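Residues per chain are reported as follows:
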Amino acid sequence: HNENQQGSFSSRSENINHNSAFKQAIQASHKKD
């Protein structure tokens, strides 16, 4: 399994800016003899 995610968002004088990200990489195995 692997994932990558990115997001960014933006909105007296007042202002807001935002970022987020995520990553995963996972591996599994089973063997039988």
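Residues numbered from 1 in each chain as written, not as in the entry; some residues may be left out. Part of a larger assembly, values for the part shown. Heavy atoms only, no water.

- Per the deposited record, the coordinates in this entry were obtained by cryo-EM to a resolution of 3.27 Å.

## Considering the overall build of the protein chain
- A tally of helices and strands in the protein chain yields zero helices and two strands.
- With the C-alpha coordinates of the protein chain rotated into their principal frame, the extents come out at 70 × 10 × 5 Å.
- Taking all 33 residues of the protein chain together, the buried fraction comes to 0%.
- Total accessible area on the protein chain stands at roughly 3,900 Å², and carbon and sulfur atoms take up 44% of it. (Helix = DSSP H or I, 4+ residues; strand = E, 2+ residues; numbered from the N terminus. Buried < 20%, exposed > 50% of the residue type's maximum accessible area, 1.4 Å probe, protein only. Areas by Shrake-Rupley, 256 points an atom, 1.4 Å probe, with all protein chains shown as cover.)

## Some words on the pattern of salt bridges
- Across all of its chains, the model carries one salt bridge by this definition.
- Across the pair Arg-12 and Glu-14 runs a salt bridge whose closest N-O atoms are separated by 2.8 Å. Exposure class is identical for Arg-12 and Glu-14. Each is exposed. (Salt bridge = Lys/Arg side-chain N within 4 Å of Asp/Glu carboxyl O.)

## A word on the environment of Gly-7
- Along the chain, the position of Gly-7 falls in strand β1 (residues 2-10).
- Leaving out residues up to four positions away in the same chain, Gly-7 has contacts with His-18, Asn-19 and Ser-20. (Contact = heavy atoms within 4.5 Å.)

## A look at the pairing of strand β2 (residues 17-25)
- In terms of burial, β2 is a largely surface element, zero of the nine residues being buried.
- Looking at chain direction, β1 and β2 are connected through nine bridges and run antiparallel. Residue pairing for β2: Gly-7 is matched across the bridge by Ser-20. (Pairing = 2+ DSSP bridges.)

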